[PDB]
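# starting from these lines, generate the structure:
(11 chains)
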Amino acid sequence: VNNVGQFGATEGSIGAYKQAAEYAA
Amino acid sequence: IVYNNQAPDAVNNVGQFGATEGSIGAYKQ
Amino acid sequence: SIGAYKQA
Amino acid sequence: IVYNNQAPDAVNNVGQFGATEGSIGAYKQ
Amino acid sequence: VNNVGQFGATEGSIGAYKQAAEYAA
Amino acid sequence: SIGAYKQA
Amino acid sequence: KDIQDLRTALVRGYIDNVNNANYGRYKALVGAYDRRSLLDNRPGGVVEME
Amino acid sequence: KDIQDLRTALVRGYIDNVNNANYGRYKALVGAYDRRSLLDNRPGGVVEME
Amino acid sequence: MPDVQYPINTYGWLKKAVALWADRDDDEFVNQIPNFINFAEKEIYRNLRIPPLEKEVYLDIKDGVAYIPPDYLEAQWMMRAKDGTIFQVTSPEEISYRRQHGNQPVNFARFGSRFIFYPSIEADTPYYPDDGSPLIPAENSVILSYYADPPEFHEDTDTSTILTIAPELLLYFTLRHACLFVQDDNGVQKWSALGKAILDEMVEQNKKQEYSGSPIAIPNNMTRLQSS
Amino acid sequence: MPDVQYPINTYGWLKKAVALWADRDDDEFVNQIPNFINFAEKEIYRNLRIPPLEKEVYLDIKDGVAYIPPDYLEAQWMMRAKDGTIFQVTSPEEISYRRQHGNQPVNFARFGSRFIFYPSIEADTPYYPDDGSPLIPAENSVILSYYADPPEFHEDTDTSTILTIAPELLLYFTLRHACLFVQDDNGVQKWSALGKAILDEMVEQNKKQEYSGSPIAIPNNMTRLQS
Amino acid sequence: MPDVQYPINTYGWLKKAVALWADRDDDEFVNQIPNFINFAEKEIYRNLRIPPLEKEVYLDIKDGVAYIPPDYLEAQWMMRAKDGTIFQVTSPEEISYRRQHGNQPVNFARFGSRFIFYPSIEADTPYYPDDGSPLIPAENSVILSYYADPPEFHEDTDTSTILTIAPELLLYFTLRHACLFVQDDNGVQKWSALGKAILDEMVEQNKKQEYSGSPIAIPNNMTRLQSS
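Numbering: from 1, shown residues only, chains lettered A, B, ... in the order given. Below, you will see the structure:
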């Protein structure tokens, strides 16, 4: 674990999903 | 390092681009 | 060859 | 005028270099 | 003894001991 | 010919 | 002999002066680095902020 | 004789003046050393902070 | 009233430490602690920019129509994975001018929810329903680095780097909205000041982290490479 | 009568002293002393930069790439085990232009979580064996000195260099958050002022040991090999 | 309550004069007077720089790896014991440049917990377990003068130059933390002001002591010695 270290981890995002346009394409 | 191929699961509770509670259904469909 | 951005 | 050949006896209660309460044992060993 | 004189004495240090690296060497 | 500073 | 030496010294002085002026180091504060913009040396796009 | 001596003195004066001006010492405060940046003499990267 | 362990690691213990640090705890209050935490995290991520919330990903240009991902908040360095090349952002008018008037440099802009590029780029990526298949990224594969919007807490076991790095920040920024929900101003002001101080400390740390290994001195760059 | 020792050097004695300087002896307050000390240590190390919390480690460059350690806060001088050759930080737009338009200086950048060196230097790690044998450093090595973040106590007997150097620092900075928990303003102000003064003294001490013992005049003449 | 003699010479009498000058004396208070004195002495030595806490000692360079002693706080003049020579401190980059590009002057830097030197110095010193044996210091023996961190009191009979030169300083700087331990602000402010005034007087004395035997006038030094 990191105490104040910013590189000790990386929080994920909402979701690695594209837009509706890419799905339509 | 990764690709954006996963499926929609949530909405952008913070962020001026993307989906909304009234549009996530469209993404999923 | 560029289109508009329709709604979802 | 002198040399630093004596043995470790205490910790640096003031000073950003040297030993600590969790490291004096290493110096002595 | 000195009253305010700074050269009237010289307080020792913590200890005239080296680092672990010098002992290892 | 220079090394790092290991812990005590 | 002396003259030669003398001149050299003077010349040396001059030289080193120029040898520094050509470096063109920039003085700056802390809250204005903007490394992406500063390191980028292009005619346009610099950020002299703060 | 005197003239010679005289000239020397004058010359000496001039010389020492230059012999100091070429040093180019810099005056500075305490909270602006930044030794890593100052000692580094390259055309770009200096930090004249504070 | 409630108890809590020394480290505030998860949402479950944070929502209880909130009610602890504010004796204003009851049914009508604890039920909205999630909303206060939501408001606090929104107020935080609206302007907080740090590595741990970043995200790198390949893009699909398709010479134009290329779209902005949903989690886009701010773009970091943008480049490729072949010999290295950094893009620079310009305005729509510059690209419209480049189109007619006319390939070492590459520009791009932001047309609504798209990323336009003057050259007809042909970046390739695997389609959506692809199963695993890292695909061994092919050439002409641009890699984008930006700041992604983090997820919202939905389970007590759900944790985040913010909890393990700085829980007092969230606790204060949510006690702000809590003391707003009830009628209280001194606590609001104090918690707001403390949260702002913590955020300033964090952003200053991020600043002192970047370009912090040596000084800089521009070596009078006058494009030594002109022949090409 | 919670009694602490004179040489405050551990986590348990620090906790007892915090509970002492805040005479209230109640579970509602004592059970959160760990949280207050956590907040204090996260407030101090987040912007404190001094030698003792530094660290040296060898990198494992494969081909002009690397990965930052999980305990990285700020980097300072980097070099190789031989000849020195201090590296200098640059930006992506320059370390990517060098490749196109490019005795041999070195440059490195930070691409999120990866150090990218232009010349494509190669590095190796030393001999790992733990059989009471030396590490036997490796040739073509690169040394990095960074301000490592310390680990959380999570134990009574645990300690740190701060407890020996400036225990009053953590004491006051945690009593600050304590007197914030309970609505006590004057105490917050006093403890914060004292902690700020202590941190100022520390940072000033770290400055008076720098490149001071010499005149600031006669600017250096590191011009070139061409006289 | 307790008694004390006119001169506050030792720790034993100082810890009693502290309780005397502050009627706030009792079991729960006297037991922590050592901690208050520890905090006061730490706050003092953190920035106090004067002769009586200095220390000269020979070093072992070993052409590089030479390490900083534990008691290092600030370096005074650094030189040798053979014909005299003063070193000047520079940055790591200057030394790295000197290494490749290339012996009257000698520089040095601070690499973490080491003192680097560009020339391959071969200073010699007796090893650790040596018994006595002053060794009649050999040549190439550098002598370092710095400010050493003084020892912490551990016995009532333990004394220090600070007690014999200025006990009121310690007494005030520790009554500060005492009046902080208990709830009191006026005393805190007054004792802090008095201690700061005493420290200012002492540092001003140290200042007026240095270079205080004649005026100065640079005799237009333009390196009369150039032939070599």
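# let me see the ranges of the helices in chain A.
For chain A, helices defined by DSSP state H occupy the ranges A:20-24.
# residue I:140 touches residue I:121, doesn't it?
Yes: using Cβ atoms under 8 Å, residue I:140 is in contact with residue I:121, at 7.1 Å. Backbone N, C-alpha and C define where each C-beta goes, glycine included.
# show me where chain A has its strands.
Remark: no strands are assigned in chain A by DSSP state E.
# contact residues of it facing chain B?
A:14-20, A:23 (Cβ under 8 Å from any Cβ of the partner chain).
# what about residue 22, how many residues nearby?
Picking chain A for this. 19 (other Cβ atoms under 10 Å in any protein chain shown).
# oops, I was thinking of chain G
Counted with other Cβ under 10 Å, residue G:22 comes out at 10.
# thinking again about what came up before, so can I have JSON lines of the residues of chain A next to chain B showing distance to chain I and neighbour count?
Converted to JSON lines, those look like this (distance: Cβ to the nearest Cβ, whole Å; neighbours: other Cβ atoms under 10 Å in any protein chain shown):
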{"residue": "A:14", "distance to chain I": "5", "neighbour count": "23"}
{"residue": "A:15", "distance to chain I": "7", "neighbour count": "23"}
{"residue": "A:16", "distance to chain I": "7", "neighbour count": "20"}
{"residue": "A:17", "distance to chain I": "7", "neighbour count": "25"}
{"residue": "A:18", "distance to chain I": "7", "neighbour count": "22"}
{"residue": "A:19", "distance to chain I": "5", "neighbour count": "23"}
{"residue": "A:20", "distance to chain I": "9", "neighbour count": "20"}
{"residue": "A:23", "distance to chain I": "6", "neighbour count": "18"}
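# tell me the one of these nearest residue I:218?
Using Cβ to Cβ, residue A:16 comes nearest to residue I:218 of the residues of chain A next to chain B, at 39.4 Å.
# near chain C, which residues of chain A are found?
So chain A meets chain C at A:19-21 (Cβ under 8 Å from any Cβ).
# chain B: which of the residues you listed is nearest?
residue A:20 (5.6 Å; Cβ to the nearest Cβ).
# my guess is the closest one contacts residue B:27. True?
Yes: contact criterion Cβ under 8 Å: residue A:20 and residue B:27 qualify, at 5.6 Å.
# what sits in contact with each of those two?
Residues touching both residue A:20 and residue B:27 (Cβ atoms under 8 Å, 6 or more residues apart in numbering or on different chains): residue C:8.
# can you show me the CA trace of stretch G:18-30 as CSV?
Provided in CSV are the C-alpha atoms of stretch G:18-30 (Å, rounded to 0.1, in the frame of the first residue of the first chain):
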residue,chain,number,x,y,z
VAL,G,18,30.5,35.8,-24.4
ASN,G,19,30.9,32.1,-23.5
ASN,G,20,28.3,32.8,-20.8
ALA,G,21,26.0,35.3,-22.6
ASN,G,22,25.4,32.8,-25.4
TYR,G,23,23.8,30.3,-22.9
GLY,G,24,20.9,32.6,-22.4
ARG,G,25,19.6,31.1,-19.2
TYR,G,26,16.2,32.3,-18.1
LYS,G,27,15.2,33.2,-14.5
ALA,G,28,11.7,32.1,-13.4
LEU,G,29,9.5,31.5,-10.4
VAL,G,30,8.0,28.2,-9.2
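# of residue I:140 and residue I:121, who's got more company?
For residue I:140 versus residue I:121, neighbours defined as other Cβ under 10 Å are more numerous around residue I:121 (19 against 13).
# which residue packs closest to the more buried one, ignoring adjacent ones?
In space, and not counting its chain neighbours, residue I:121 is closest to residue I:61: 4.0 Å by Cβ to Cβ, 6 or more residues apart in numbering or on different chains.
# check residue I:108 too.
Residue I:108 sits nearest to residue I:117 (Cβ to Cβ, 6+ apart), 5.0 Å away.
# re earlier: nearest to chain E, out of the residues of chain A next to chain B: which one, please.
residue A:16 (48.5 Å).
# measure the closest residue to chain D within chain I to chain F for me?
As assessed by Cβ to the nearest Cβ, chain D sits closest to residue I:208 within chain I, at 18.4 Å. According to Cβ to the nearest Cβ, to the nearest Å, residue I:208 and chain F sit 23 Å apart.
# that residue reaches residue J:74, doesn't it?
Yes: proximity of residue I:208 to residue J:74 meets the contact threshold set by Cβ under 8 Å, at 5.8 Å.
# need the residues touching each of these two.
Common neighbours of residue I:208 and residue J:74 (Cβ under 8 Å, 6+ apart) are residue J:49.
# taking chain A, what residue is nearest to chain K?
Counting by Cβ to the nearest Cβ, chain A gets nearest chain K through residue A:5, at 19.6 Å.
# near that residue, how many other residues are there?
26.
# helices of chain G, residue ranges please.
Going by DSSP H, chain G shows helices at G:2-21, G:35-39.
# ugh, wrong one, I meant chain I
Going by DSSP H, chain I shows helices at I:11-21, I:27-30, I:33-45, I:92-100, I:161-165, I:167-181, I:186-209.
# which stretch among the ones you listed comes nearest residue G:37?
Per Cβ to Cβ, nearest to residue G:37 of the helices of chain I: helix I:186-209, 14.2 Å.
# looking at chain A, what residue ends up closest to chain I?
For chain A, Cβ to the nearest Cβ, closest residue to chain I: residue A:13, 3.7 Å.
# neighbours of that residue, how many?
Neighbours around residue A:13, by other Cβ under 10 Å: 26.
# same thing with residue I:85?
With other Cβ under 10 Å as criterion, residue I:85 counts 19.
# hmm, it is touching residue I:106, no?
Yes: at 6.8 Å, residue I:85 counts as touching residue I:106 under the criterion of Cβ under 8 Å.
# in chain I, which residue sits closest to chain A?
Closest contact between chain I and chain A, by Cβ to the nearest Cβ, is at residue I:148 (3.7 Å).
# what's across from that residue in the sheet?
Judged by DSSP bridges, the bridge partners of residue I:148 are residue I:72.
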